[PDB]
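Structure first, then comments.
Virtual Cβ from ideal backbone geometry, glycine too; neighbours counted across all protein chains shown. No lab work stands behind these numbers, since they all come straight from the coordinates.
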Ligand SMILES: CCCCCCCCCCCCCCCCCC(=O)OC[C@H](CO[C@@H]1O[C@H](CO[C@H]2O[C@H](CO)[C@H](O)[C@H](O)[C@H]2O)[C@H](O)[C@H](O)[C@H]1O)OC(=O)CCCCCCCCCCCCCCCCC
Ligand code: CLA
Ligand code: CLA
Ligand code: CLA
Ligand code: CLA
Ligand code: CLA
Ligand code: CLA
Ligand code: CLA
Ligand SMILES: C=Cc1c(C)c2cc3nc(c4c5[nH]c(cc6nc(cc1[nH]2)C(C)=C6CC)c(C)c5C(=O)[C@@H]4C(=O)OC)[C@@H](CCC(=O)OC/C=C(\C)CCC[C@@H](C)CCC[C@@H](C)CCCC(C)C)[C@H]3C
Ligand SMILES: CC1=C(\C=C/C(C)=C\C=C/C(C)=C/C=C/C=C(C)/C=C/C=C(C)/C=C/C2=C(C)CCCC2(C)C)C(C)(C)CCC1
Ligand SMILES: [Fe+2]
């Protein structure tokens, strides 16, 4: 009714294709996002390094584009700075590096796609409350 | 013992202080809930425990202790054997039945008076020796395992040692501590910030090493009291009454519980943080570490960076030890953990080290501890006082340290009300003040 | 007779007294309990604060509160059948209303109840004094639920009839009225707080100076409901504190009286104080300091150091607390220390 | 005499000395005498103090610019935090002065001798031969003062954040707290404000009734209060005609005929709630802050519906942000 | 003896006991209103 | 004092109490429940249901602007509002 | 100046403690 189909529909590829979505996947998104750890990352900011946020625009300006339901996947699989210059894999949860961050082991392409869709979706509803912290709270 | 010739209902257990206790069984009765509780919660704990999720992230108060003893852990704080944990609770639990199965009896169908069946040591409080001898047993009793632990520490598997060479890892205590200066020396150590007399303990060598010394020291007491009668300045000094005995005895807990609450909040040694959360100070030090890195890694000089106040952001100076992280973080320049000690120096934190020998395995452990901090609401929404609902996590230390204080506090309240009422029998005015023979209505008026 | 029949009846015992008073106490007082209750369970408070105020909405015990009228009404009694609502128990339930209701109906419950304290009192041959002491709350409830609001802009800024919604009432004062630093409020805590001790002490001080006049471990029964016999040696009293605190409450008419005073008094000093807040007459001031606060950018007292907290409490909450102003504060304008 | 101390021994325990001074006495008596002396002066004339982790000196002496309300003797600095900063550890007397060492003295001292008063609170109930569940009432008080001066400090690591001795200081210690602990939303403090409010209501209740069923003994010119003599054998009030009233005034059975019980209810209520409270601080002392329901109420789309607690929290940030501007050199107020 | 069922005392005790359970049921009901 | 109104223990412990009530108590417990379930409670007190607090697109709050033509407001909000 | 006013009160009060404790009207047991 409010969490509508297309409002739950988001960009897939840097090429335009949209994957829409389900109430099921979205949920795993929430369950995940938090379990995958919001511990630094809670709400829509980034406690280890507050300079970078998860707001839609920020992910677009990233390199490579990281607003794609795809993008975030590469990342979670293998991480890269906002340079896309050096792999940040050792300091960031990543399937490339499971042996460091356990929570990242039980993760799957199914589980990923979800935690992903969660990121591109949350802004659509929460508005700015997504990027900002304290201030907007 | 019925109503009249007893106390009221709320003071129920007082009528059991009359004659010879009908039941030891009460004490045993629950001496079971206490052991059964381990049986339930331990089962319950593992019942919810996942091996990946950081042990402290999954409300594990009970389970972390097994780990700290070397069981089901090994390399890092990682759990390899979901079995061992399960084992201990399963046992205790079941173990409780026998404890309760008996206490439950001793209280209704056995000698409603063991004062008469007496014989075997038996019953009566004023009996100055039956009591010296009794505690005497329970003295060999404790020291008994002081060694039990030394064994687990030296002969069955070892313990978990975060300091331990490589990194946190199940290790066997080879060489405990001899020197009495050390093991004892702690008592004589400062009580305040910088050196807590009990709390301050770098390694296990001094722990298990000290326990040994306590097992024998404690056994030597049971062996002792069991054989003799307390001297005359002793009798002269302390009131002897069943109650009065609880009275003292109870205020050893009060104190002790604080000593726990004050201990579980402060040590990384006996409470590894890989099983409990990172210790309060560790946190606001971890933050430091994370950002000293963030910028240094971003290209800042760090060491020579003049901070907002006039002190310097990343690095500051303390009065005795010269160098430590600076923020408001300073309060915790006494914090010591393996994740920050490599980057240590003669004079203190080393600029040369911190600048180039600061490895990766630290930025990530440092960031875990920056996040996971001992901050949360009863609601259980882990975080600053004003955080959005989402990431929730309450440090084992929070619950542990908090509880015990409220209890240990309350107990101190006890040590009072049981001493207050007991020091009263001593003259008999405990029931009240006699309407025709009160000390005051017959005394030299102050003026 | 005809009157006395009504009297005769409603006046004699029957367990739950019901008197000449009850006629207004019971009805007003009832509705009132209800008034607050219904709101917390079913009524929303969104159309006034854009804030959820009912279990039904999902609020909890500490969340639920019966709103308070949008700043659009002001002090209009907001009548169920009045021009604003027009007997539309859903809109009237929406424009808040229940407030003025709960508050006004309530306001009587007190008037009414105190009367009852008199009625039963003049009928039982005692000193009404209890009924007097009860001003303590009337004054508070009057000033704090009617006067203050009536002095400000709208019924809005008036208390909230909430658990947390009422805590907001605090901060908001601290933050804007900086009440915490207002002499009058002070005696307000000087009396409540001061009195509590007075209570906890007389209660226990008494218990201990109790004559063992029963047999065994139950000094709770050993007391005679029947006749006069000082249960607590007044003598073992004074000669106690006289030596432990230096002073002796020698007498019981005054002791058991001075206890009446302590609170009731402070409360009034509170009711006065807040009366101030009504016309924004507040103790934020403290010139002597602030004047020298200008220059000497390096001199700092807690007062200022504190006063600053307030200044933050404004800038951050005002925008959402006072929605009807559609405040807008850009990222920049917000006051903050270096760090967060 | 066989030994001269013999007299010292009965004197200390002189059940008739104008002012009893027990064995606790011998420690209390001066521990506070030194504690007070340092205080009274620090207020009247004492330099500023760097308090917070920096070098921003906060003045708190009348002779340095304080109204009686602004007055306050300040804490020890985040520099010392928990280390013991006694008068000798400091080089120049002025060091102790600046780095705020009076605090520890005053605090540590009273905070100590206080307890002995608690002991000597009962020591007279022994020499006097009276039931002594009295000294305990006093606990709740001392617990808090201990909580706000000794637990919380050990909790956050520095005496820095321990209710600064002074009027406006408390207000500070407070407003800050709310911010970092949402204390106001804490179940404990509740049970605290609970009794306090109660006791303060009961203190006026029980005081009300007694004087309301006072009894006969006076004219109208005479002071009704005069009708009584110290050491009366029978109480002045007519308890039966009291319960006979109050009981009636709503319910009849929600009343007390059992004077022993009532006076007792007065004791325990205030004294028990206050405890929880004392524990409340001591609870959040290690960060088990009050509840928190921010964003806890939401609609379908997820658009968030502010809880009346979100305002609480809003006004809370306003507080969080400002407190201790300059030191806070990082994102998270982890202390 | 024979004391009525319609007591002053009772009218009150009722105005409360009826709603309360009416409410308690209302609430226990809400406990599930998801979405 | 002399008290004489129909005793309590009597009926809370009475055989009839439990038999009149057993059936009627949950009748209220149930009644309340239905009041919530039908979803009438909402319409009863204007109280919006999660499904409809904010319109779909808009982000603003449907706040009552003028005390005299307030009735309209509510509507025009509840109006455009889903 | 005004700080003496503060200290004068503060003090004359400590002395109102003197008298009220030591030259206080005594409790007469009759
Ligand atoms: C010198 C004279 C002082 C005169 C005072 C007289 C006053 C009368 C006493 C009443 C209360 C004051 C007494 C203070 C006791 C409190 C302890 C304390 O303040 O000292 C603080 C220390 C803290 O130790 C910490 O130790 C740390 C070391 O750990 C660090 O380093 C370690 C290895 O070195 C590990 O690596 C570890 O992981 C790492 O964190 C740091 O050095 C910190 O700076 C340091 O603060 O606690 C401890 O060890 C001591 C533990 C004692 C047990 C106390 C239990 C809790 C207190 C309850 C108080 C009871 C009173 C209640 C009355 C009211 C009703 C009950
Ligand atoms: C250290 C362990 C310890 C032990 C073994 C005892 C043992 C005893 N205490 Mg005791 N006490 C202790 C610690 C201890 N205390 C502490 C730390 C305090 C500080 C508060 C006290 C304060 C205290 C008081 C004031 C009294 C005792 C009394 C007693 C004796 C009566 C037994 C009893 O109370 O059972 C009966 C158990 C109860 C009555 C518990 C119920 C309490 C009631 C009032 C409240 C009910 C709780 C309810 C809200 C639960 C909700 C349930 C919900 C579903 C409705 C007994 C010898 C009594 C006595 O006189 O002994 C000499 C007595 O009056 N104690
Ligand atoms: C909390 C632990 C505890 C323990 C161990 C006891 C123990 C005791 N209380 Mg007691 N009491 C307690 C709490 C406790 N109390 C509390 C909280 C209150 C406040 C209400 C009281 C109030 C109170 C009063 C007024 C009295 C006692 C008395 C007693 C004694 C008589 C026991 C008896 O007659 O049981 C009788 C047992 C029954 C009537 C049936 C109970 C069935 C139990 C025993 C079995 C349950 C076991 C479990 C469910 C399953 C295990 C089965 C096993 C085979 C595996 C006994 C020493 C009496 C006394 O004075 O002793 C001398 C007494 O008069 N108590
Ligand atoms: C040593 C005492 C102690 C401590 C420190 C803890 C701590 C914890 N327990 Mg726990 N527990 C205990 C005893 C304790 N427990 C006992 C005896 C039982 C058997 C009944 C349990 C059964 C239990 C379950 C089923 C769960 C926990 C859980 C937890 C964790 C979260 C609970 C929470 O956040 O709610 C906070 C709770 C409160 C604030 C209760 C409010 C207290 C009120 C009633 C007044 C209390 C006053 C009094 C002084 C305190 C009583 C002490 C306590 C033993 C009751 C936390 C680590 C949760 C968890 O982490 O899962 C793994 C969880 O699911 N516990
Ligand atoms: C926890 C401490 C504790 C203490 C100090 C005691 C003390 C006592 N118990 Mg006892 N008991 C306890 C725990 C305790 N119990 C528990 C947890 C249970 C659960 C069942 C029991 C069940 C129990 C029963 C049924 C009886 C006692 C009895 C006794 C008394 C007899 C003393 C004796 O000569 O036994 C000496 C016992 C040994 C030295 C142990 C010998 C072990 C082997 C060699 C043979 C024991 C039999 C076999 C192993 C299993 C036991 C079966 C059972 C029928 C005994 C003594 C006061 C008796 C009594 O009535 O006292 C008046 C009695 O009939 N207890
Ligand atoms: C004084 C003796 C003593 C001390 C200081 C310790 C200390 C410790 N034990 Mg331990 N332990 C002891 C005896 C002791 N134990 C005994 C007899 C046993 C049974 C064999 C154990 C079994 C045991 C296990 C299984 C574990 C520990 C663990 C620990 C550590 C966890 C922290 C803690 O709570 O304990 C330290 C806190 C205290 C000892 C409290 C101090 C209170 C004492 C010093 C003062 C008491 C005064 C009192 C009035 C005495 C009255 C005498 C008379 C004059 C009136 C800690 C270092 C844990 C650990 O570290 O490894 C995993 C753990 O898992 N212990
Ligand atoms: C477990 C519980 C327990 C309980 C209740 C008791 C109780 C008792 N024990 Mg005991 N004891 C125990 C365990 C226990 N013990 C253990 C485990 C051992 C192993 C050895 C002993 C060994 C022991 C011995 C050798 C003796 C006792 C004695 C006693 C009795 C007198 C104790 C006394 O009042 O101290 C009061 C003491 C003080 C208040 C000391 C005050 C003086 C201070 C200033 C010391 C100076 C400090 C100094 C400078 C060093 C550090 C100071 C400071 C900075 C820390 C008393 C009945 C005595 C008794 O008569 O028979 C055994 C005795 O001689 N015990
Ligand atoms: C009924 C409520 C309750 C619950 C659920 C717990 C639960 C716990 N307490 Mg505990 N405690 C309580 C009441 C409770 N406590 C009270 C009223 C006091 C007195 C103030 C204490 C004083 C206390 C201390 C000093 C310690 C605990 C510790 C613990 C934890 C380890 C249990 C243990 O030590 O096993 C068996 C014993 C050990 C593992 C260590 C023994 C410590 C040595 C032997 C010193 C003496 C032990 C102690 C005095 C005996 C209490 C054991 C406990 C089961 C009651 C566990 C979470 C320990 C902890 O901090 O976590 C590891 C710990 O060191 N408690
Ligand atoms: C801590 C707050 C506080 C509460 C809630 C409180 C409650 C009460 N005090 C009473 C009495 C007293 N209080 C007294 C002095 C004081 N009382 C104080 C503080 C309180 N007193 C303080 C300020 C003084 C200290 C002395 C005197 C001595 C008495 C009385 O003797 C009397 C008593 O005998 O109590 C046993 C009782 C009278 C019952 C009654 O008149 O009902 C009948 C009529 C009523 C109450 C209907 C009023 C309807 C109005 C108020 C509507 C209000 C609805 C909202 C406020 C509800 C919102 C709920 C929140 C969760 C938001 C009881 C209601
Ligand atoms: C309180 C009291 C009482 C009682 C009792 C007591 C106190 C105690 C105790 C005790 C007890 C009561 C005990 C016990 C027990 C037992 C148990 C506890 C058991 C068991 C077992 C179990 C539980 C198990 C289970 C299982 C198994 C078998 C294995 C696997 C898993 C499972 C789970 C399946 C009374 C009320 C009468 C009064 C007096 C006192
Ligand atoms: Fe009284």
Need one value for B:403-412: mean number of C-beta atoms belonging to other chains within 10 Å of its residues' C-beta atoms.
4
Arrange D:52, B:124, C:88 by Cβ neighbour counts within 10 Å, fewest through most, would you?
B:124, C:88, D:52
Site residue C:3, offset 7 angstrom along Cα→Cβ, radius 20 Å on amide nitrogen, limited to the range C:117-139, gives C:118-124
Relative to the compact globular guide of 2.2 N^0.38 Å, what is the alpha carbon radius of gyration of chain B, as a ratio?
1.20
Residue B:317-residue B:82 pseudo-label distance in nm [points 7 Å out on the Cα-to-Cβ vector]:
5.6 nm
Tell me the angle of helix C:235-244 to the major Cα principal axis of chain C, expressed in degrees between 0 and 90 and rounded to the nearest ten.
40 degrees
Between the range D:212-232 and the range D:234-270, what's the alpha-carbon centroid distance in Å?
20 Å
Chain B, relative contact order [Cα under 8 Å, separation at least 6], %
16 percent
Ranking request for peptides C:245-251, B:163-169, C:304-310, D:312-318: highest mean number of other beta-carbon atoms within 10 Å first, then the rest in descending order.
D:312-318, C:304-310, C:245-251, B:163-169
Using the eigenvalues of the Cα gyration tensor, what equivalent ellipsoid semi-axes result for the range D:1-134 when each is taken as the square root of five times the eigenvalue, whole Å, largest first?
38, 16, 14
Across peptide C:11-23, what mean number of C-beta atoms from other chains lies inside 10 Å of a residue's C-beta?
4
Tilt relative to chain B, helix B:360-371 - C-alpha long axis, 0 to 90 degrees, to 10:
50 degrees
Between helix B:128-151 and chain B, what is the angle of the helix's C-alpha long axis to the longest principal axis, kept within 0 to 90° and rounded to the nearest 10?
20 degrees
Return the single residue from C:36, C:268, C:241 with maximal mean-square fluctuation; model: Gaussian network over chain C, springs between Cα atoms under 10 Å.
C:241
Going by how many other Cβ atoms sit within 10 Å of their own, how do B:435, D:120 line up, fewest first?
B:435, D:120
Two-site FRET efficiency, residue A:82 against residue B:249, from Cβ-Cβ distance with R₀ of 56 Å, rounded to 0.05:
0.30
How high is the FRET efficiency between residue D:63 and residue B:190 when r is their beta carbon distance and R₀ equals 41 Å, given to the nearest 0.05?
0.70
Hey, any idea what the orientation-averaged projected area of the convex hull of chain F's Cα atoms comes to, in nm²?
11.3 nm²
Fraction of the pair-distance distribution of the range D:201-335 above 21 Å, Cα-Cα pairs, percent
68 percent
Taking every alpha carbon pair in the protein assembly as shown and sorting the distances into 10 angstrom bins from 0 up to the bin holding the longest one, the percent per bin comes out as 1, 7, 13, 18, 20, 18, 13, 6, 2, 0, 0
How shielded is C:162-172 by partner chains, expressed as the average number of their Cβ atoms within 10 Å of its Cβ atoms?
6
Out of D:271, D:21, D:12, any idea which swings most in a Gaussian network model of chain D, alpha carbons joined below 10 Å?
D:12
Expressed as a whole-number percentage, the relative contact order of chain A with C-alpha contacts under 8 angstrom and at least six residues apart is 28 percent
With an 8 Å Cα cut-off and a minimum separation of 6 or more residues, compute the relative contact order for chain F in percent.
17 percent
222 nm [θ] for the protein assembly as shown, helices only, -39500 (n - 2.57) per DSSP H run of 4+, per residue, to 500?
-15000 deg cm²/dmol
Per residue Cα convex hull volume for chain D, in cubic angstrom?
234 Å³
Return the Rg/Rh value of chain C, two decimal places, where both radii are evaluated on C-alpha atoms and Rh is the Kirkwood radius.
1.06
So for the range B:1-94, Kirkwood radius off the Cα pairs, Stokes-Einstein at 25 °C and 0.890 mPa s: how many µm² s⁻¹?
155 µm²/s
Could you tell me the extents of the range B:278-373's C-alpha atoms along the three principal axes, largest first, rounded to whole Å?
30, 28, 27
Binned at 5 Å from 0, what are the whole-percent values of the Cα-Cα distance distribution for the range C:174-317, short to long?
2, 8, 12, 13, 12, 10, 9, 8, 8, 7, 6, 4, 2, 1, 0
One finds, for residue G:19 and residue D:93 with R0 = 41 angstrom and r their Cβ-Cβ distance, a FRET efficiency to the nearest 0.05 of 0.65
Quick one: B:106, C:185, fewest Cβ neighbours within 10 Å first, how do they rank?
B:106, C:185
How large is Rg over Rh for the range D:194-252, taking Rg from the Cα atoms and Rh as the Kirkwood inverse mean of 1/r across Cα pairs?
1.05
Cut-off 10 angstrom, C-alpha nodes, Gaussian network model of chain C. Which of C:233, C:54, C:143 fluctuates the most?
C:233
Part-to-part distance (alpha-carbon centres) for the range C:317-338 and the range C:209-270, which is given in Å:
54 Å
Take the Cα pairs of chain A, get the Kirkwood Rh, then feed it into Stokes-Einstein at 25 °C and 0.890 mPa s and tell me D in µm²/s.
162 µm²/s
